[PDB]
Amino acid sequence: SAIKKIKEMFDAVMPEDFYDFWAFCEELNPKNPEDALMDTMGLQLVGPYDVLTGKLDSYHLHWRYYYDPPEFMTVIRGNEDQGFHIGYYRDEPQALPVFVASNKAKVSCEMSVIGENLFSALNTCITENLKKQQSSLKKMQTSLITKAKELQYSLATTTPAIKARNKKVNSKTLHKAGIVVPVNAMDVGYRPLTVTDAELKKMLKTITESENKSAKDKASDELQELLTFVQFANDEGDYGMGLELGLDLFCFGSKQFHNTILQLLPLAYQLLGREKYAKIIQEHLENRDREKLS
């Protein structure tokens, strides 16, 4: 019913597990469906779910944490010291999400895939809370499993479709969740970075944490050489390279690179027909550390 709401407030269509998960949490907590997971695992529905709860009346930045790339849209918040949260990852603004992933934003840029849908996502969290109160949690585990059975949502952490998409990933990136861009019959559309990911981090750490000066100038020159390679790539149609490098600089997290990122990712997303993600990366870096709550 609020499909139309979310379509105009956010620029997105949510998959059916989004709505089915909500309804699962009404059953649990009719008063506050967004808080049904709180007493047992410290998790609260946020982002697109907030429109249903009433708290919302661009919204690209609503609960976007520090390392959420434009493809990531948060829908559940957890441990605040970790920055633990759960979102839908979406290679293409116009497509549905390809999986659900978690991030501990205060720990790392890295994304953990916990299934195709929020039922499998929650299923993973329930396993861990139970691994390390519990009598009440086991009975939620049971209702989740049967409800997911009914609606035939896989509870698998990696599904055949997730594995199928991983064979189309051009690069895992620093976040390890992968980019997917077209490649035509002449192999145009993507080319790799000329450094490994480990060399890339060593380079960027030198640029940002170093006193040697010549080493910083050297690494700054390597990075400038990368930007020139990206330049040839874009001229030659291999737009995935700039996307990879931009996302990688975003993932490193140094606010020093926001300007380079803004040379890479807005251009990359427009060249790829992913214009909405050019919007989000600009809005996000405009003010990246803040109160996330709206």
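Residue positions are given as counts along the sequence shown, with the first one as 1.
Count the deposited residues lacking coordinates between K167 and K168 and you get none at all. The stretch of deposited sequence separating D57 from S58 contains 4 to 9 residues lacking coordinates in this entry. Per-stretch averaging of Cα B factors for 145 to 153 and 196 to 204 places 145 to 153 on top. Relative to its counterpart among 247 to 255 and 46 to 54, 46 to 54 has the higher mean temperature factor, C-alpha atoms as listed in the PDB entry. When the C-alpha B-factors of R90, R191, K132, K104 are read from the PDB record, the largest value belongs to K132. Take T74, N117, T173, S214 and read off each C-alpha B-factor from the entry; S214 has the highest. In the deposited entry, the Cα temperature factor of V183 sits in the bottom third of values across the chain's modelled residues. In the PDB entry, a CA B factor belonging to the highest third of its chain's modelled residues is recorded for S210. Among the modelled residues of its chain, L262 has a C-alpha B-factor that falls in the middle third, as given in the PDB entry. When the modelled residues of the chain are ordered by their C-alpha B factor, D235 lands in the middle third. Looking at the C-alpha B-factors along this chain, the one for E110 belongs to the lowest third.
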